[PDB]
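For ligands, and for the atoms within them, numbers begin at 1 and follow the listed sequence. Just the heavy atoms: all of them, side chains too, but no hydrogens, waters or symmetry mates, feed the values below. The first residue of the sequence shown is numbered 1, and numbering continues consecutively from there.
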Amino acid sequence: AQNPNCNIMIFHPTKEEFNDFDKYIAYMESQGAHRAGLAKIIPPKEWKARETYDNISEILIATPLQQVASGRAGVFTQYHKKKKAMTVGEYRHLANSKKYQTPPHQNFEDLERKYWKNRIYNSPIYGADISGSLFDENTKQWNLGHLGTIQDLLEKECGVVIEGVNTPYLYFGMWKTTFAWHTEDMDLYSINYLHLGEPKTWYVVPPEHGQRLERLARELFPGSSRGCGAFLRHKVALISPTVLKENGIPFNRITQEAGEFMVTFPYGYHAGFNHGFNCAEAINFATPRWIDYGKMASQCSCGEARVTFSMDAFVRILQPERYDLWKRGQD
Ligand SMILES: O=C(O)CNC(=O)C(=O)O
Ligand SMILES: [Mg+2]
Ligand code: NI
Ligand SMILES: [Zn+2]
C-alpha cells in the first residue's frame, strides 16, 4: 500500500505532466497521496495563472464576514456576522491596518503558536465565497474555471444527465481568518490555488480516520451534536492541533504559499487559517473514485447547512433514500 502513514505529499509536475489534469490526479493517487486527505502541487516554472495582480482592487466583496469566536482557545466555534460591502482595495487596506495586521513573528511555527493562543480574542473579517475567477482565459493548464464539471462526471460514470453548474469561488483573507473543520459537499474533492499574498496553514485528517475526528467533535460540542447528526456540515467548529494530539486523533499540517495548489481528497477533513492579506480560488471536482464517497456522504437535514442548487441532483441520484429528509432541511 503506498503512503501507509498518510503523510501529506508534495508534487512537482513538469510542464508536460501539467497538461492533463485528470491524469495527474490519478497519478498522485497511484502514489498514495489521497491517504493524507490533502496534497500540495507546485506548478512548473514555465506556468503562470495570469500576467499580474495589479488590476484586482475594484472586485466587490458584497458580504464580508466577521468571524466571532466562542469557547476556549483550543476548542471554539465561530459565527459569521455580515458586514457592509467593500472593494478588494478597501479590504486590503483594512487587513493591513493596525487592528488587523499580522503581528511580528519569527517563522511560520511562531505565527502558528500565536494563532492558537490568541485567535478567539479577535474577530477578523473574511471575504469568502465570492463567485468568480482570476485565471486568465488563455491559461490552459490547471485553470480552475475550465475543469470538467461534476455533472458531466456523474453522467459519464452513471449515465444520468442532470441539471446544475460548477463554478469557482474567490476568498480574500486576512490574519486569523479561519476555515472550520469540514469535508466538502457530498465528500467531493476540492482544489485551491493561492493567487497572491500571505500564506494559508492547513490541518487535515486522513479519510480512513475521519470518523475519529467526528467522535471527538461530538464529545467537544455536545449541544451541537444533539442538534444535528452531521453538525460539522455547518462549518463552525475549530479544534487545535494540541487538542487533537491530546485525544490521539491522526492528523497532519502544512503551509501553502502563493503560487501553489492544494487538493483535498474525498472525506479528508480539513481546517486552517490565513497568515495575512491573501487571495485564493477554489472549486469542487469529482473523479470516478469519488462516486462511492458521494453515495455514503453524511448529510445535515436540520436546516443549518444550506447549500447550492447543484447539490440537489447529487443527493437525488446518489442517495434517494435520504433525499426527502434532506430537501426538507433545504426548505
Ligand atoms: O480557503 C478557505 O477558506 C477554505 N478552503 C477550502 O476549504 C478548500 O479549498 O477546500
Ligand atoms: Mg478590479
Ligand atoms: Ni474545503
Ligand atoms: Zn445540521
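- If you check the side chains of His80 and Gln66, you find no donor sitting under 3.5 Å from an acceptor.
- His234 contributes NE2 as its N, O or S atom closest to the Zn ion (ligand 4).
- Around the CD atom of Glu109, the shell of radius 6.0 Å holds no more than 12 heavy atoms that belong to other residues, nucleotides or ligands.
- Hydrophobic cluster of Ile10: the remaining members, joined at side-chain heavy-atom separations below 4.5 Å, are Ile8, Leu38, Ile42, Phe179, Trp202, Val204, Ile254, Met262, listed by chain and number.
- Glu17 contributes a side-chain N or O that, together with a main-chain N or O of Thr14, makes up a donor-acceptor pair within less than 3.5 Å.
- Residues meeting the ring-ring contact (aromatic ring centres under 6.0 Å, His included) test with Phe172, sequence neighbours left out: none.
- With sequence neighbours excluded, the residues satisfying ring-ring contact (aromatic ring centres under 6.0 Å, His included) with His275 are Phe108, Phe273.
- Taking the six-membered ring for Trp and the full ring otherwise, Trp47 and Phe18 have centroids separated by under 6.0 Å.
- Vertex the Zn ion (ligand 4), arms ending at SG of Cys228 and SG of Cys302: the angle is 120° after rounding to 10 degrees.
- Among protein residues, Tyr126, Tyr171, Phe179, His182, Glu184, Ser190, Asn192, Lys200, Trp202, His270, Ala282 come within 4.0 Å of ligand 1, judged on heavy atoms.
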